[PDB]
Every structure is written in C-alpha cells, then in structure tokens.
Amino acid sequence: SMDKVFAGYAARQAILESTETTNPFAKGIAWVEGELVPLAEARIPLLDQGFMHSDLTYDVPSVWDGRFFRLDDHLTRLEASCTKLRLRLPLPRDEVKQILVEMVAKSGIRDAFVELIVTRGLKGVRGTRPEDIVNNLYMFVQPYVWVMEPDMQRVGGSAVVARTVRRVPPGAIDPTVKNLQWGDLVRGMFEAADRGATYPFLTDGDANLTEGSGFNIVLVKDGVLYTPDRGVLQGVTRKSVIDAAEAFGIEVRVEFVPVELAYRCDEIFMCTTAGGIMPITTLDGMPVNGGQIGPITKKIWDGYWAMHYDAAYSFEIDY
C-alpha cells in the first residue's frame, strides 16, 4: 500500500507548493524567544550553549495528512531527556503543545517534521552557578523529511556494518537522551559513501549492533523481530513497530543483537520518525536473503502507516 501513501503525499505536496508564493510560512516556521518567523530567517544567539557546547536535548514528532502522530510520547520523552541532563522545559507542557499545533496550522503543512530543542541557555555549566542558569527553548515546523526517499523505499536501501567508527557508549553519552552530538554518526555516513552504500550500521565496539545515522535497526529471522536494547535511542517508530508486531502476533525481542545475526537474517529494515519504515536489501554489498523486500517488512510497513489514522495514536489538526 505504498502507492496509496505516497500518492496522497505527492498530491498534498503539490498543494503545499502552490501556497509558497503567498504564505511566508509554507517552507517552515520557527519559534524563537516567543516570536514566530519563517524558518529560513530564524536566528539563535551565537552564545547559546546549545551551540557553544551542544549542551541540549531535542525531540522530533511528526504530522502526516494533517494528523499529529504520537505527540504525547514525544513530549514525554523530551521531558525525560531534560530531567536526565538537569534541564527543564521552559514552558508548561500543555502550552508547548498548543504552540506546536498553531505553528502547524499557520504553515499549512500537512506532512511535517516538527522539532523542539531545549538548551542550557546563555550561561554554560562551566563556571556559572546552577541557580543562574536559564534554559532556552526553540521549536520549528518544516516539510516532512525522508531518511529514505519514497522511491527508494519501493526498492530498498544499501547498508554496511561500519568498521572505521563505532557508536558512542552509554557511559560517555547516554543514547536514550536524544542529542545532537552526531560525531560518530557523521563518520558513519562518510564511511558508507566511501564504501558505495547509503546507510551505516554502527556496532557498540563489542560485536553487537546498535543504531544508525538517525534510525533504529530491526532484523527479521525465522518470523521473529530482533532489535538492540542497550546503546540506542528508544525510538517512537520502534515502539510503533512493536505495537504493530504484537497486534499481528509477531514476536519481538528487544535484546543484545550480535553483529553476526545481520549476515544470516531473512529481512532488514530501519525505522525512524523522518521516514517511517525503511527496507534494507543489501548488506556489505551482498543481497539480504535474496535481495527482495521481505513479507514481514511489508506487513510492518502497512501497519505503521495505518496507525497514523488511528485515534489511539494520533489526532487531527484544525488548519
């Protein structure tokens, strides 16, 4: 049912575009210091510690066909991330939700990438008394972003297990805290391109799989799903994959996933908010179990997008 999903998106894109010459927010909208402004014009202070030392957390809910998807899960993860970094969401949570909906309405964007950022503020942890630290908030709405483009999801992507880089371990930086410190992940993207592939899979350096440059990894083997427990973000897409699998009666094991399972499994897909369910059909230059998108991947694919119209996981925005 990719045709239905992608055709609906192509149609809504054409409409969105024809608003660009008259709606200054049609290419994205940003919230900065309580003002709304076109995304291409948003500026932040050079001295903000979110920039000076990437001292921040963030989270990215999405809108599809005018329905916010699992927004409360994203806001709850954001607050959990903040707590773990000794940050505090600078506005009441219900007010933040209110602003996000309004921002989407003004943009007219029906399929949107939505980002919230909480930074330490203008005074850094080093030599500022904690009582004088004032956290900052930034939010923006932009057109939906594809870690895997629709036309590649019909074909499958190519991945490698990275050998020149490995994932930052939790004892250095907690990967359950969503953060913008992408040094290892960018190295991985460089390595995949050098090796003639699109996506990097990073190990934990101890012969287990973790995650990639903006996605969780799922292996399928003998009808069972396998996905890394430790060392990764606990994605909302992954959580939706788990909800779908259980509804379908497919076993899911969130556990230590040895690198070797990647070379003898039946299917592979990545999952993430900016793109959804993303099949992988070659691994280290070899077809994954024959090279075709697998049946369980397809079932999860359809179940994920179905959830976007399910009131238990979504709500409709008034534009």
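The first residue of the sequence shown is number 1, and the count goes up from there.
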Practice task
Give the stretch, out of 270-278 and 41-49, with the larger mean C-alpha temperature factor in the deposited entry.
Solution key: 41-49
Handout entry: Per the entry, higher mean C-alpha B factor between 279-287 and 25-33
Key = 25-33
Handout entry: Identity of residue with top Cα B-factor, from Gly235, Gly183, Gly212, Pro92
Key = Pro92
Handout entry: Maximum C-alpha temperature factor, selected from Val257, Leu56, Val252, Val60
Key = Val252
Completion exercise
Split the chain's modelled residues into thirds by Cα B-factor; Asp72 lands in the highest
Exercise for the section: Could you tell me which third, lowest, middle or highest, the C-alpha B-factor of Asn216 occupies within its chain? Expected result: lowest
Problem - Third assignment of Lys299 from its chain's C-alpha B-factors - result: middle
Practice task
Sort the modelled residues of this chain by their C-alpha B factor and say whether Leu225 lands in the lowest, middle or highest third.
Solution key: middle
Exercise for the section: Please place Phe113 in the lowest, middle or highest third of its chain by C-alpha B factor as given in the entry. Expected result: middle
